[PDB]
Each structure stands twice: as structure tokens, then as C-alpha cells.
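Chain and residue survey
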Amino acid sequence: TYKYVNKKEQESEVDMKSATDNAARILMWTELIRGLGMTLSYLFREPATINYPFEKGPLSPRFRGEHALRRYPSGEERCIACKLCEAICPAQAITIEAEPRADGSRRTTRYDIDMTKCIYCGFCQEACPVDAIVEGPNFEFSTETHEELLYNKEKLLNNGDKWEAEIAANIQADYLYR
Amino acid sequence: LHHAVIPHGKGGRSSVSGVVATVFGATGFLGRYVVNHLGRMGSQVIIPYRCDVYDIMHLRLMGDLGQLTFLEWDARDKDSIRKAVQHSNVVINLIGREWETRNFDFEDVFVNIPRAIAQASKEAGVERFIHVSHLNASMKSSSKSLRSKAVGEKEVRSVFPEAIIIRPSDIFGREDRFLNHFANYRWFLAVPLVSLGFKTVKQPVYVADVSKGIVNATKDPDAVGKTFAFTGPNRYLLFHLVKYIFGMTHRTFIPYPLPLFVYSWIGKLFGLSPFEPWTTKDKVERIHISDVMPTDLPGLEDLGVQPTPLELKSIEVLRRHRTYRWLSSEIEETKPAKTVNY
Amino acid sequence: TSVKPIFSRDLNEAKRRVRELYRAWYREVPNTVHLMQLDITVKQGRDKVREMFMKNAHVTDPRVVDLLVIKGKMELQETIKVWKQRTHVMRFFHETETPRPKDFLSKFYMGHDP
Amino acid sequence: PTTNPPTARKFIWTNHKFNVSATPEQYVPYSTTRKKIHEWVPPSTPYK
Amino acid sequence: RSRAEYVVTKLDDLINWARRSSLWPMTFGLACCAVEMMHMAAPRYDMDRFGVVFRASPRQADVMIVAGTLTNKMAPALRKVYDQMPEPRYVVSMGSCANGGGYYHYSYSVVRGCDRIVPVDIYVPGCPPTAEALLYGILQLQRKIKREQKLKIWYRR
Amino acid sequence: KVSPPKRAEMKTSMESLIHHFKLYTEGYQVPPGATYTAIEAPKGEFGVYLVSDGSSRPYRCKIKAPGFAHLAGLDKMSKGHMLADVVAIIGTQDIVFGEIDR
Amino acid sequence: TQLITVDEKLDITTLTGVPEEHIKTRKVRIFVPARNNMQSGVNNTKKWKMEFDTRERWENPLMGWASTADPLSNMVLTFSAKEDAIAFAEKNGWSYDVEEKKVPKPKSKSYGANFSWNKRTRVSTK
Amino acid sequence: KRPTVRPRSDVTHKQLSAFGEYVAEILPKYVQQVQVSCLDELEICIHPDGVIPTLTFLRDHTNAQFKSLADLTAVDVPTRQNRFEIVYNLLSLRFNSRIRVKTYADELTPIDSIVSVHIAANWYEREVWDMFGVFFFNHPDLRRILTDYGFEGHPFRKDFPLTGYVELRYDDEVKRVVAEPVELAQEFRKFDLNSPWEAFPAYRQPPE
Amino acid sequence: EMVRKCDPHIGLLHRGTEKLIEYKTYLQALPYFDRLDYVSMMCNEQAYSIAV
Amino acid sequence: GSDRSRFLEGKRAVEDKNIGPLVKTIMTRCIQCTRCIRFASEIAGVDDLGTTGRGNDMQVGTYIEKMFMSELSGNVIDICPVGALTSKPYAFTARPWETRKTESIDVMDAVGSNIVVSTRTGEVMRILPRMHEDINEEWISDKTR
Amino acid sequence: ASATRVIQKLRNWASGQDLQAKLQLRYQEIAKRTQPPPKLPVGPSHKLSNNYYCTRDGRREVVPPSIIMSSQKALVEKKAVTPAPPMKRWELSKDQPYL
Amino acid sequence: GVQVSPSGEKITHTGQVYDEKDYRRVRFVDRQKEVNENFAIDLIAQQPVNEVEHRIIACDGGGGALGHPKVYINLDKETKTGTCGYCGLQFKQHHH
Ligand SMILES: COC1=C(OC)C(=O)C(C/C=C(\C)CC/C=C(\C)CC/C=C(\C)CC/C=C(/C)CC/C=C(/C)CC/C=C(\C)CC/C=C(\C)CC/C=C(\C)CC/C=C(/C)CCC=C(C)C)=C(C)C1=O
Ligand SMILES: NC(=O)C1=CN([C@@H]2O[C@H](COP(=O)(O)OP(=O)(O)OC[C@H]3O[C@@H](n4cnc5c(N)ncnc54)[C@H](OP(=O)(O)O)[C@@H]3O)[C@@H](O)[C@H]2O)C=CC1
Ligand code: SF4
Ligand code: SF4
Ligand code: SF4
Ligand code: SF4
Ligand code: SF4
Ligand SMILES: [K+]
Ligand SMILES: [Zn+2]
């Protein structure tokens, strides 16, 4: 079905009262006055402005922020150097090198994420089979040089150690959906 | 050699040239071109800086990621100097002022700081040191700056015996204080030249030519322990040079013969300024000192650089100083200045 | 070995179109140097135009010559109507790009690229 | 996190750090792998 | 220290306060990141409340927020409007495209980061960074230019 | 074999783990063929001409944006108009440039 | 009136826009890729591939990444026939090396040979 | 019935087959192949000489009325003699249908432009020329539309590298934005994401 | 101030999206469609999803 | 196969073997296909591998703690379809989609075995054989590999 | 929502609309930020029998397109047809046909 | 644990440290090389060996779907504990 947005049906003819109403509308600027009144109502409303940085906009546990590498509760790294995140990364922002550790464990020797190349899509955290790489909810990590956004394994493990109290709670609140 | 200093790539932005160069006067006029060439070939350029980070922001795009290491330094801080030159195989000295401040004078700037840099470099065991002196800064010159640069040459040679000493002529470029200086002479009524600009010979050298010579000195095995003379291909009288400058500006040309003592007086009067002075007594003395003819010294050709002529590179500097009427004027509409063989 | 022509039946009128395009470029070079504030001279621009034509001078296929003429006319229009900027015009000179030497010893000293 | 504190782990930072950009505590990237190609070391004794 | 050093430090504080309380960006954007930039202009975050007001001409601009993919065809124009800004100017790269190419890093027609073209003061990461993150970058830039010591360096010269 | 399984199924089942691995490394293979799928986008008809060669990567993906045709028709709509009218026409054509340029 | 004769090599190098170095100094290889010995599947040995000679990959000083300088490092082209790949290489002006397709030899398989009365093909285990 | 398989209607397939027979018998001079996909899409593959008559007939015939050109594009298959397959997707609002018309070209045989049939073909053929190098005869103004000014090469070709040959950077010596031969800090890592096992037996090509 | 001719030069936001898509997998090529029409992100997702 | 599992029970697990520092054994992944047994019997000619046990407890390997080291012993790493017999020098280093393949010739002897050099990010990662019926068929020596 | 009645009457008169019934600021009607855990349902193929993949393999039911005519394969009174029956005219809306 | 080089630079858990003559320490001059202090190899060495009764144990890392994929470890070798290939936990069969 369809409807007309501007087509008028029949005519209203001509009347002295209607002509006087249109004359008053043209001369006394009635629609302009009611536009003024609308802006006046908005003036006397309450603004929708939060007091940043003391107030923050609401988010969800699903929010994709700064990357981090998590651990098991024992303290062992969750990552097993399987390169699924590297394979699924649409921007090729992940570089992984690996070798057996001194105890024979399958661990990374290089895990780099170019955050200037990353598109913050969460494909790494949804392809990780052991929940090692995550996008924790940090978003206020802007730097002053281009280099500081080239994360390596030490930076990502430090982020995982810093944000574990929040990332674990978000994964607890979210993991039944995924 | 170390495995991380072996050159790699095709010499582009992301290549490795094997040059770890600490450039000290990198925030100035010649320094930006030197850093641009080093980062263009792809090199680890350490910039010790004294001015603001905003003032060094223009250098930040001259190399790839992580190839430019900015660090604060103080000229009175030997610890800062040695931490700047600690990881380097080339140390390049471009420190210099055209005037004297209440903190640093010509003696400190051209002797004590180069000697400190060379001493720290020799203690840190860098392979190559390059020091920029001036042409015709021999000794017993009429200006204090040239005598200071001569004593600085002697001190740098005494401390670091195989220091490559590069002596360029009056460098011209986009941000120079030579062509821009003579173009800014238009803001006054006339051009007060000493003896009408005659008996004063100059052969200015392009800043890109000087920077290419410095980079080729970093790379050149036969440049060690030598003194190079970086001069342009053509020598001009000062009158014909200023006439050509004002012709390229299309502004006007009213020369005026002014004797040197009162010219130094008004240069001193301009030089007593708290900010950067328009001119100084030392500046007008270096203007009216003739350039010596480099006969025995090697030069840009011996370092592999063809000296680009002022007639070819003049319009990239002096087009700014034109008015709207003459703004879209080509090279061929200005008559080139007469050269002198002597 | 028999193909459909684009514009030229053989090489003669293809060379005629090439000469017309070279004439148009030769006339347009001084206007470009005057309009865009170019450091180069008029001699250098015409030398660059001749260098580009001589770079393409080795072809003997009329269809390829016609397509080269079409491309040259497109670039000529991009220069006539000021769509190429000063950077786009000066990209023909490669003045910031150092050239790779053509001798075996220099290529041996530089790297592994032949 | 006063009525519902987070789970305590021994590797969790006990002291939060703010954004340390343009400070001496800032992050500097580096390759975390060791050297892959080992050069031959010439002997320190002359042949003759 | 000297009495004049204290006066110079206070004058530096005053100049930095003025320049950080009045930051006018150029009305310049390229993509989705510029959509988040006008969502920062939106009533929730109120850059105007922070004192940050868009100006269309680069002559009246103080900062340039590179918000989007800087292409090869766009790079001369971006450099031109950066150069036409007056001297106390700053650059805030926004998003992965302007930072380091992002999702189009290996493209034939994309400049791999706007720091190859203009000197970037502050990098804001994200794709897109939220308006919260862009506002955070603006406040970080305000702190950075509060840290400037121009008259103190001039006095120590 | 097309959509990834749930994470619990992936961590408890062999087939789900294999399919998760293959979908997030190689991806599903699309049978070879070409299609043009058009969707009523807010700015107009958004079309995708997809050509699949039988592998896990698309051989060709042409994106048809309505703004491309609208901006091509901008010159026709601006005949006999002024600068502010041209600004109004650009506004009313609902033009975004990512889909135009691709 | 709409058909001319061209007795030439069909050279389009001046139209492709490739720089002269990456035409003259480049070598391409036209080959059916070998079957990956970690698998028994042979579906990747069906089409001809043209690839380029390997150039220098060095280490990035900042991060250790594999930096490259040639643009034709990931360029692999797929062709249905060897002569089609030949035509494309000659058309684009690249020198080529052609490797003939290695079809696996037919083999006589007999399950009953594992239990031979006198021959040595009798196995000792299963 | 099956929740994971697309439902299939045979009426659209029958109608498109009938219309394909209709167009093929109306224009036997140019039509080389007519096919209907299992996705219920009609494709008519024609000789390049018949692009103008075929497009004009489809736009102006009473029983066709394909008055809207959905899009015009090219596919580079560099294993045939005519590597560029030019594709026209057309929409008939009168009959609520869509059709696809294909033709072929190589680097040196231009095809006729259909700007005189559809005006959108102007920018569409500009894009095809800019991205593939397929010249179009009688175009009002053919030039580049998406590449940079002075860009050399057609980047949507298969043999053109993904990163291109040149990259831009600001040089401070010349105070300009300049083009250099491309160098990458990290090379694009290509992946061999092809299973060695056949996935679709219906598309098994016979051995050579 | 009358307008005699409009010549829209575009491609200043051209990023080779189709070439990158043909060099990536289908799930990898999905978030390009978010950035094609960055006001109609879910609509472009729906279009690409229906095509695949 | 299907896209899901109906197996609701517990899986079996097998202790690993130590046949040598070249071939790493994780025998839980073994599908008892006897390719390694047939190879070692027929081509290597060593008769050291076999199946011990019965039923679901049938295990491939050596009954005693024996070091399976002949020449041509990395080809069991090649022909094991599962990752039960993997390469210990290559352990955890790369992935096949990462590895670029370069078809080259082996020079460790004068047979001239056609090989594939798997290189990732400008570093040689692996050596695999190439099928050449007239030289080395499907296999290479241990020194080559 | 904290506006006085005087300001509320002023805003409602100035706008012509009852603004307090539809406030653009969310106060309490929104969902709680903490939710009870879900239990998502399984699809139709989550069954232990009569669930062979060959009976629901929609991806492998794709066939190559059927050639209606070919210049090489076929080597070549009825009514004229249309690609489809002509599209039926849209009915005008019975809800609100005109604005 | 974090150890220092003779240069004084911290050695990472991958064993990476720049040499004395390596020029790339200038990136750490006036800055810091940040090293993750908690070494996972030492942390997983600190875990006690789980003493179970069955011949085959199952490990998923704990937390069910929050852990790693569920694998089975065969504790037949009485001279060596069975290590989970994902989480690094060690198990030993109690034969008493
Ligand atoms: C979807 O597709 C796309 C688009 O399409 C829709 C795009 O668009 C697009 C581009 C996107 C962008 C560029 C984003 C830009 C964002 C927006 C367009 C939205 C933001 C909205 C606005 C800009 C509208 C703002 C409206 C307002 C009302 C704000 C007010 C602004 C003003 C300019 C007016 C106020 C003035 C000022 C702030 C300056 C005023 C002050 C002064 C000049 C001071 C003068 C005072 C003195 C000098 C007094 C001195 C004398 C004294 C005596 C003082 C005494 C002093 C002492 C020290 C004692 C992209 C990429 C895109 O993809
Ligand atoms: N320019 C010319 O025409 C010629 C110059 N030369 C010589 O070449 C060198 C470079 O030339 P040019 O670029 O013109 O010089 P500049 O006037 O541009 O200054 C060079 C550099 O020296 C630094 N500098 C000066 N004094 C000090 C100090 N006390 N402490 C720390 N740094 C200091 C400046 O740093 P900052 O900005 O932080 O103060 C600046 O970066 C100088 O030695 C000059 O004498 C030789 C021949 C001709
Ligand atoms: S969020 Fe996406 S783009 Fe970023 S690292 Fe993860 S997979 Fe790569
Ligand atoms: S997907 Fe997870 S386990 Fe695999 S390499 Fe990436 S972070 Fe490590
Ligand atoms: S970084 Fe992401 S959101 Fe920002 S411009 Fe690029 S594609 Fe758009
Ligand atoms: S080849 Fe591998 S899967 Fe086959 S029996 Fe031997 S170890 Fe088991
Ligand atoms: S990759 Fe293959 S062999 Fe390895 S665990 Fe998976 S199914 Fe088993
Ligand atoms: K194996
Ligand atoms: Zn475990």
C-alpha cells in the first residue's frame, strides 16, 4: 500500500473566513511564532548533557574496547598459540610467533596487535577457543605517539592483568549468550 | 658489524640504511633537511632537543615508526650529551646561533658545546663524527663567529682526531636567513650595501646539497678525517646577488653605499633585541666578508653531490616575497646575475 | 592475426594522432607552468613531455598507440582543467626519489635485487 | 564493587595505573622474539 | 629560582589556559569517524560545553581532527588545509584509518596513517572510537598543551 | 558448516570444535555462481553483485550504491539553480561517500 | 572496413602501468602447484598458477615484522590452461619458467598381494 | 519443510526460461547463450556488437520494459582471451523483474557505450574504464572517476597488486606530497585458505 | 551565482574495498559493509548476508 | 561428515610414546590407520611399529621403550593424517595457511629430491617433499627433512 | 522530570504537546543493567536421530545454471511472453491516505 | 621471575633482551621497557599436582564453558604426571 505526502484531495473552495485566516497566517507569521515556541519549550527543558569525565555514557558487557590477554586462575596464560585470531583478523592486525616453552608448553613468543590497524570487531575474541584474547571495556587509551598503539605480548598481558577484575565479570555476564 | 645495523631494503622509508645518527642541531634550518634525508633513506635518527615539543613537531613525520627518537638535552649537561650519543655510530653537529644570548655566546656555542659533543662521542666510541663549521672561518677573521668556529674546529680535531669537518658557504633555502634576509631588506627604503655591494664575492650553496653531502659523509669511507668545502657552482658579487634577489622578487632595487662602521652600528642596534634579531653586527660582518676560493679542499662533487644552482632553486624561496601582481612569474622572466671567476 | 581497429587502420594515422597530442602538450606546457606555480622552466616541461613520448616510442601496434593517445588526452584534459595539482604535475619528475644505478657493481653493493 | 566485589586473583594488579602516555612510564614497543640467525664467530687465534 | 622565572611560568600558564580553553576544530571529516565526531558535537557530550566549537575555515581553526580514511586523492587537500591553518595548530588523528590505515592499510589508494602527511599530536584509537573516546582525546590534548613551556624555553635560551 | 556453533558446544564436542576451527580459519566454501541481491536501503537500492568461484573467498564483489547514480544525476537536477539550491539538492539526494567510492 | 591486420607480439606493457623494473627484472613461474604432502587431497592440483620470483624480506627495526619492498610478492594468478598462462605472461611482457604438470603415475594395487604364498609382498602385520 | 534450506519456487524459473527463449528468438544475431540460475536469475550472454540493440530492445520493448539499469560492472577473468566480462543488471518495474546481460572484451577491443540508452551508464562506464581499462566508444566524457589524478594502471585487474606500486608521503625538502615506490613495514601475509578436498561434486570439471 | 555545470569529482574516499573483499574471506569481508554506508550499517550487513 | 556430535560419553586417552627426538607422538589423536606401521614395514624396512592390544584399546607404537630412528623416518610425520605423529623441530612454530610454499631441490645428497620449502615471514619454517615419480616419489631422507 | 509545574505548563503551552508523558530523558522505565542469566534455545537440528546431514545439506543442492539456449550446445504460432505477470497496482492506504 | 641483563635491561618471559651493543636500546632511553612481572611458567610450576583416583581424568580448566576445550589425560605412567595441554595443570593417579 501507499500514501500521498503532498497531494491534496479536492479543494477547500474560497471563503471570507478562510481567506482572512490565510491572510493572518501570511501577515502575522503564525508558523514562525510556533517554531519560536517550540524552541522556547526546548530552552525550558532539561539538557541531555552528562558531566564528562565525572559521568560516563552507559555501556554493555558486550562492549569491544582495548585488547587484553587473559589467564587461568592458576596464572597460566590462556593462549595456546593456535593463531585462530590471526587467521580470522580481517585487518591482519595480529602477528603471532611461537615455540615450545621450557616445560614443553605450547606458548607464544610474539603476540602483537597493531591497534592502528585493528578494526575493533571482536572476531579474535569470538574465534579464540580458550577465551585468551578479549576486547576489554577500556576505551580511554589514546596516546600521543603512533608507536604506543603498536601493542606486543607484554602490553597485552599487562592489560589482561590490569582489567581482569572487569573482563571476568563481563564474560560472566555475557557468556551464556555466546 | 652488529646484526641490527646491517643495511636492508631498497633505501626507502621502511628500509634500513645502517645509520644510527645523533643529530644535534636538528631543530634548526639545516637540521630539518638533514633529518629528512636520513629518515628518507631509512635510519635511526636520535634528535636531542632543547626547544618545545611543538617546535620539534615538524620533524616527527620525516621517518618511519620508531625511527626517530626525540630526547631532551641541555648544553650544560654532559650526562644528557652522553645519553644522547650513547647508541650511535654517527654523531652530526649542527649547533649554531647567528647571535649571542645572555646564556650562550659565540665562544660557548661554537667551541664548548662542539668540544663537549665530540668528547662524549669519543668516550662512547662512536665510529664517525661530522662537525659543520663555516667556509672562510679560517682564523683571525673580522667577525667573532668565524674565529669561534675556527677555534671550535681546532678543539674538535684535538678531541676527535678523525672528525669530518664540513665547511659550507652561505646556505640558501626555504627557511634560510640569507635569501629571506635579502628579500626582507625590501621592508626598508633602500638596500644599504657596503661599498655598493662590490668587492664582496659569494657562492651560496643549496641546503639540500649540503644535507646530501652530510648524508654521503655518513656513508662515505673516504671522507674520514677530511675537511670538505661545500660551495655553489657560481660565484657572484654581493651587488649582483642582491640585484638578482630583488629581480626575482620583482619588488624594486635601490642600492645604497653605507660604510662598514655605521653598518655595524645599525646591525648592533638591531641586534639588541630580546627575541630573534633581524640582523646583528656579526651578521653584517659575515655578509660583507668575501668567500674564499676552495682550491685544495674537496667538495660536493667529491662527496657525490652535484651543486644545484641558485638560478635553478631561487624561485622556491623568493616567490613568497612577491606581491599579487608578480606572483605568477616564471623563472625565465628574471635575468640571471653575472658570475665572477675570482 | 587480423584484429578490429580502435581508431587507426594502420600506424600512419596513429602517428598523426600522436603528433596532434604532442602538439597539444607542447602548447599546454607554458600555460601549466604559468598557472600552477611551478619551480620548473618551460624547457624542462617540454623535455619531460618529449621524454614520456620517447618512453612510449617503441610500440608498433595501432590499437596500443590509439589507447596511449586516449590516455594522453585524458591526462592533457586533467592538466588543462586544473584537476592535477602541483604535486600531481611534479610527480613526473621524481625529484625526491633517488635512482637505482644500472651497473652490476652498484647493484651488488646495494642489495640482492637484480 | 562494595556489595559485590570482583574475584581476587594473584596476578591482578593491586595498584591501578592511569594513562601514562608522554611520561617516562609510557609503553615502548619492541620485538619480543630472540635472534633467529646466529653468525659464525671467527677464532681468536691466528692460523700462522 | 629567579623572580622573573616565576613570572614567565605564570605567563606560560595563562597562555596555555587560553589556548586549551579555546580549541576550535576545522569543520573537516572524512568518514564514520566523523559521524562519531558529530555525535560528540551532539547534546550528550557537548564539545561546546568544553569550549570546543567547529569553525569551517582553516584560518579560524586551532586543531584538525583527521576523522576518516585519508586516501591518496585526498592527501594533497588535507596537507593544504593543514598548512593554511595558523601557527598554534594541533592534529588529532581519529580512528584506525587516520592512525595507521586501519582496515584499508594494504590498499593501493590509502595513505597508511595521516602521520605520513601531517604531524599528529594525539592519536585516538578505535573503529570508530566512541564520542567518549574522542572527547577523552580532546581533553588529553588540552592537558598536553597545558604542559607546553614556550616562554620558559624562550627565557632559558 | 556455515554458522559457527555455540562456545559450549565447541568446547565439549569434537565436530563443533572442528567446524569452529575451519570456519574461523578458512571459512565456508560458497558454491560457484553469480547473483545480484538488491535490498531497499534507506538511501535507495543497495545491490551486491557477488561472484563465487567455489572457494572460501569471493571472486568478485561489486557494490551498487544508490548515491552513485544520484550524484551522477546531480548535474541534471541543478539546471537553472543557484549555489544554495545546489547545497539543498546535495542534501536532499541523501549522499554518503563511502558507498559511492568503495 | 572494420578489420585490420596486426603481425606483432601483442604487447600491452605500456598500458598496464607497471614500472619498467617490475617488468624487465621480474621472473614468473608457471606451474601446477604440488600436492601438500601433509594431506591426501588433490583438489589444489587442478589449476595452473603463475607466481613471481621471491624478493628480499627484511626485519622491521621497530617491531620485527617482515618488511618487503616488492609489490608483486603476494601476486598469484590462476589459469585454466598452461597455454593460457603462457599467453598472459607474453602479453604482460614477463619472462617465464614453465614447469610441466606432475601427474601421479598409475599404480597396480592388489589387496591379495599382502598375503602372497611365495612373493615378498606378503606382509607381517595389519 | 527443511528449516535450513532455502525454499524454491519453480514458477519464477519457468517464467524466466520462457522470457529467455523469447529474447533469444527475437535477437538471434547477437545472443550467444541464455541461462537461468538455480537462484532464479536470468542471464543473457551476447556478442559485443549487439550491446546497443540488446539494451535498447530490453528498455523499449513492450514485453520487456527494463527501464532501470541496476548497475554496470566488469569481472576480470585473466584466463580467457577476452578477460573482461561486462555485466549489466537491469530492473523492470513494470513486470517486477530483473535481468542480467553479459558480454566480453579484452584490453584492446572497446565496446559501445550505452549512455544513449541509460544515463547512469555514464558514471558506471567511467568506473569500468578506470578500474579495468575497458574503453567505451562514443562516451561523452570518459576519464578516471575513483583513482588519483595521474594514477597509472587499472587497479581492479587481477594482476594489479593489492598495495599498488606507489605510496604517498609528505616530503619536507620539496614541501609537497610525493609518490615513492611502495615499501611496507609489514608485508601483507597471504594465506592459502583452500581445502585440498572437493566441496561440491555438482561442479566437478572433467579432467583434461 | 547561477550554476552552469556540476562536475562531481569523487574517489577522494576510495579505498579499494572490492579488491580487499576479493582478497579476504566472506566473514572477513562482512565488516567492510559496515563502512560502505556508515549510516546504514545493519542494512548493508543484511544486504551482504542475503546475497551470501 | 555431519556438523554435530551425538557422543555423550567419555573419551579414551592413551599414554604417549618416545620413539625419538624427530617424531613427536601424541597417540590420543591416532585413528589406528596403520599407515606408519605399513610404511615402516615396507619402505623403511624396520618392522618396529605395530598394534598392541585389542578393540578400543588397540594402540599403535612399540611395546617396549624403543627409539624408532632409521633414515626416511619423517615420512611417518608426512603420512600420518592426524597430528598423532608430528615433527618435533617444527613443533608449535607455524600454521599451513601462514606458510608460503617454494618448490625447490634438495642438495644434502646427489639424489636431487624435489622439495617444498615452507617459509613464513622471510624465515625457513619447514621442508616437505614433492611428488616426483622418477627421483624420490613422495619421500625425502631425514637429513633432507 | 524534576521540572516545576509552572515550567511544565509553560513548556506544554509553548510546544503544543504534552511533553511530560513522553520525556526524551530516561529515568526509571528502562531495563535494569544487571539481568538474570538466560537459557537460549537450540535449533531444529539439535536432535539425536533422523538428523543426517545429507538430508539437510542445502549448500550442496546448488546446481550449475540451466542453459536455455547455447550457440554451441544447441547449435541453432506461440504467444509473446513477459518475464513475469505485470505488477498489480498498489492500493491506496486505508489508514492515512493523505497527510 | 624477572631477571636483568648485564646491561641492566629486564629480560622478558620469552628470554628477549637487547645486547650491550644493540642500538635499539635508545627506544628505552628516557623511557621504560615494560615487562610483564607474572611469569606464567613459574605460576604454573607453583600449582600442586592434583591427586585423582581414575586412570583417565578430564580437564576443562575450570568454570565449564569459561575454560578450555575438555580433554582427557591418561595417567598410566607412574613415573610422570599427566599435564593438560591447554591449562598446564598436572594430575597424578592415586594408587593407594
Ligand atoms: C554522512 O555524510 C557526511 C556528512 O554529511 C552529513 C558530513 O557532513 C561529513 C563531515 C562532518 C563533519 C565535518 C563533522 C562536523 C560536525 C557538524 C556539522 C555538527 C556540529 C554542528 C555545528 C557546527 C552547528 C553549531 C551551532 C551552534 C549554534 C554553535 C555556535 C557556533 C558558533 C560558530 C557561534 C559562536 C561563536 C564562537 C564559538 C566564537 C565566538 C567568540 C569570539 C570570536 C571571541 C570574540 C571576543 C572578543 C575578542 C572580545 C575581546 C574584548 C574584551 C573587552 C574582553 C576583555 C578581555 C580581558 C582579558 C580583560 C562527513 C565526513 C560525512 O561522511
Ligand atoms: N645557516 C647558514 O647559512 C649557515 C650555517 N652554518 C652552520 O651550520 C649549522 C646549522 O645551521 P643552521 O640551521 O642555519 O642554524 P640554526 O640557526 O637554524 O640553529 C641550529 C640548531 O642549533 C641549536 N642550538 C643553538 N644554540 C644552542 C644551544 N645553546 N643549546 C642547544 N642547541 C642550540 C638550535 O636549537 P633550538 O632551536 O632548540 O634553539 C638549532 O636547532 C650551524 O653550526 C651554523 O653555524 C654554516 C654555514 C652557513
Ligand atoms: S577486533 Fe577484529 S580487527 Fe581487531 S584484532 Fe580482533 S579480529 Fe583483528
Ligand atoms: S585464538 Fe586465542 S589461543 Fe589461539 S592464538 Fe589467538 S589468543 Fe592464542
Ligand atoms: S577507523 Fe573505522 S570507523 Fe573510522 S573511518 Fe576507518 S573504517 Fe570508519
Ligand atoms: S599413521 Fe598416524 S593415525 Fe595412522 S596408525 Fe600411525 S600414528 Fe595412527
Ligand atoms: S587438527 Fe586434526 S589431528 Fe589435530 S586434534 Fe584436530 S582433528 Fe585431531
Ligand atoms: K602428522
Ligand atoms: Zn586443563
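As recorded in the PDB header, cryo-EM is the method behind this entry, and the stated resolution is 2.9 Å.

Scanning chain E for helices and strands turns up 6 helices and 3 strands. The secondary structure elements of chain E, listed N-terminal to C-terminal, are α-α-β-α-β-α-β-α-α. Scaling as 2.2 N^0.38, a compact globule of 157 residues should have a C-alpha radius of gyration of about 15 Å, and chain E matches this with 17 Å. C-alpha atoms of chain E, sized along the principal axes, occupy 55 × 35 × 25 Å. Per-residue burial for chain E yields a buried fraction of 64% across its 157 residues. At a minimum sequence separation of 6, the contacts of chain E that also span at least 24 residues come to 77%. Accessible area for chain E stands at about 5,500 Å²; split by element, carbon and sulfur atoms hold 57% of it. Averaged over its 23 positive side-chain charges, chain E has a centre that lies 4 Å from the centre of its 13 negative ones.

Of all 41 pairs of chains that touch, the greatest number of contacts is found between chains F and I. Spatially, chain B is disjoint from chain J: no contact exists, and the shortest C-alpha separation is 13 Å. Spatially, chain K is disjoint from chain L: no contact exists, and the shortest C-alpha separation is 14 Å.

Another point: the pattern of salt bridges. Applying the stated criterion to the full structure yields 127 salt bridges over all chains. When the shortest N-O distance is used, the salt bridge between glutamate 25 of chain D and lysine 17 of chain D registers 2.8 Å. Among the salt bridges present, the one from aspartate 121 of chain E reaches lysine 144 of chain E, with a minimum N-O distance of 3.8 Å. Remark: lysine 144 of chain E occurs in helix α5 (residues 131-146) and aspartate 121 of chain E occurs in the loop between α4 (95-100) and β3 (122-124); sequence separation between them is 23 residues.

Moving on, we get to a positive patch on the surface. A grouping of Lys15, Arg16, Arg17, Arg19, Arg23, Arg27 and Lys73 of chain C is seen on the molecular surface, where their side chains present a positively charged patch. Ranked by residues supplied to the positive patch, first place goes to helix α1 (residues 11-35) of chain C with 6 residues.

Across the boundary between the two partners, chain I contributes 37 residues, which contact 40 residues of chain F. Looking only at chain I, the three residues that lose the most surface to chain F are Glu18, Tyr26 and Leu36 of chain I, adding up to 22% of its buried area. For the pair chain I and chain F, the number of links is 2 salt bridges. We note a salt bridge from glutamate 18 of chain I to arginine 102 of chain F, for which the minimum N-O separation is 3.5 Å. Summed over the shared surface of chain I and chain F, the number is 13 residue pairs in polar contact. Taken together, the elements giving at least two residues each to the side of chain I that touches chain F come down to α1 (17-22), α2 (26-29), α3 (32-36) and α4 (41-51) of chain I. Counting residues per element, the side of chain I that touches chain F draws most heavily on α4 of chain I, which supplies 6 residues.

What follows covers the sheet that holds strand β1 (residues 31-36) of chain H. Ordered by their spatial adjacency, 6 strands build an open sheet running β3(H)-β4(H)-β5(H)-β2(H)-β1(H)-β1(K), and the pairing between neighbours is mixed. The open sheet has two edge strands, β3 (68-76) of chain H together with β1 (66-70) of chain K, and neither has a second partner. Strand-to-strand twist of the sheet, defined as the mean angle between neighbouring strand axes without regard to direction, takes the value 20°. Pairing geometry for β1 of chain H and β1 of chain K, over 4 bridges, is antiparallel.

Conventions we followed
Residues numbered from 1 in each chain as written, not as in the entry; some residues may be left out. Chains lettered and ligands numbered in written order. Part of a larger assembly, values for the part shown. Heavy atoms only, no water. Helix = DSSP H or I, 4+ residues; strand = E, 2+ residues; numbered from the N terminus. Rg over C-alpha atoms; globule rule 2.2 N^0.38 Å. Buried < 20%, exposed > 50% of the residue type's maximum accessible area, 1.4 Å probe, protein only. Contact = heavy atoms within 4.5 Å. Areas by Shrake-Rupley, 256 points an atom, 1.4 Å probe, with all protein chains shown as cover. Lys, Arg positive; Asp, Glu negative; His and termini not counted. Charge placed at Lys NZ, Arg CZ, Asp CG, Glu CD. Salt bridge = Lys/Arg side-chain N within 4 Å of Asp/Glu carboxyl O. Patch = residues over 30% accessible without salt bridge, like charges linked within 9 Å, V, L, I, M, F, W, Y side chains within 5 Å. Buried area = accessible area lost by both parts, 1.4 Å probe. Polar contact = N/O pair within 3.5 Å; in protein donor to acceptor, adjacent residues only side chain to side chain. Pairing = 2+ DSSP bridges. Axes fitted to C-alpha atoms, helices over the stretch in contact; angles between N-to-C directions.

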